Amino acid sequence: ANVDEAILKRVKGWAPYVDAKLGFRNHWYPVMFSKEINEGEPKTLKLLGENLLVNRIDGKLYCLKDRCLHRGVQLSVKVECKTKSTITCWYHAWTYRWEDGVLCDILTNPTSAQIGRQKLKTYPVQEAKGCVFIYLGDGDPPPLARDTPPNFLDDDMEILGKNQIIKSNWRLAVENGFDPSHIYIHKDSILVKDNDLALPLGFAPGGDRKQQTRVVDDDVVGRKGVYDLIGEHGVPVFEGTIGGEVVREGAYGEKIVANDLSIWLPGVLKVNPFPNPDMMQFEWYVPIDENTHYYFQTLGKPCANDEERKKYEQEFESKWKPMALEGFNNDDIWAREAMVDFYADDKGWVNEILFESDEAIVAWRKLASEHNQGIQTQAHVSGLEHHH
């Protein structure tokens, strides 16, 4: 495990989750957009703490661990693709096939007994909706749909987005996204006014605990997640008061959005409808290492033809990206960064003082602890260890 055992013993309700500082292994993760990786142009990235290399050959994507088996250097320091189906380490020329990672040649010693008897780690890669997903796991991968929110893969759903590296552990990002009451930080977003949005300040919960969410563990595709139903029995808060006096009010716009929120393993949020009544937002918080994550944002809007796809793209570039993805979510970024210190020593998982709306987050923590496909560990990064 990655956390002090004394702390894990304390969080009995979700120890696996608290231990998953590096994220969950054996799940699909988006890491870039298709148009960002070009033919024969190897790109480097770090996922779940592992340095990876991705390349496009004859249109298809291939993923190799960016670390020579020999002396452990990153092949990317000086890329040497001497043939189209292989890559040669710049150090002693050990050569591997992108297709299966097999060490097929060694230019410095053609007679070496290592030739054909070593294999560099490879990971499945798949492109869908213009997004590049890497299965950071072992063995045959499950269907991509299992690790994607409902409707993301619909035939007509046109996906557009933006991606960046954010300085906070991935879980802080996930929790902030699925946090019902964090809506308060968005009260002054330009999107609220500029898009006539109705947005309350928070919620006065209603009904019992079980009614606050809907745990999905029976989906046929196998996706595991949780729906935030705080608004089904709760009273929306539009007048914020201190000592009984109104000090702040919510937004009374006409457009009703974000009344269908759900978080799904390995860590992707679905906001529907948002940022407009005819759109959806799908965002991932991908673990890069213990301190950072990819904030993979996508906005989906059904389009029936190339004409509507072009129109949507133009609206996206001129409005949605700057007004919503940035104008609205930028506050989410520094919010995540603000929780770093409290959880950096792993003590925040014990000292946090939660309130009613956090029931949604607790549900997520439990689901994640029970249905994740594996805990990434530092040994996975350096090399698994085991003594007879």
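Residue numbers here begin at 1 and follow the sequence given.
For the pair 68-76 and 210-218, the record assigns the higher mean C-alpha temperature factor to 210-218. When the two stretches 285-293 and 77-85 are set side by side, the higher mean Cα temperature factor goes to 77-85.
Within the selection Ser168, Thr241, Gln164, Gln314, the deposited Cα B-factor values reach their highest point at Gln314. Comparing C-alpha B-factors across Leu265, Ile134, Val174, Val257 in the deposited entry, the largest value falls on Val257. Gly49 sits in the lowest third of its chain by CA B factor, as recorded in the PDB entry. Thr95 sits in the lowest third of its chain by CA B factor, as recorded in the PDB entry. Per-chain ranking of the deposited C-alpha B factor places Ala113 in the middle third. Placement of the Cα temperature factor of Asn55 within the chain: middle third of the modelled residues, per the deposited record. For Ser189, the recorded CA temperature factor ranks within the middle third of the chain's modelled residues.
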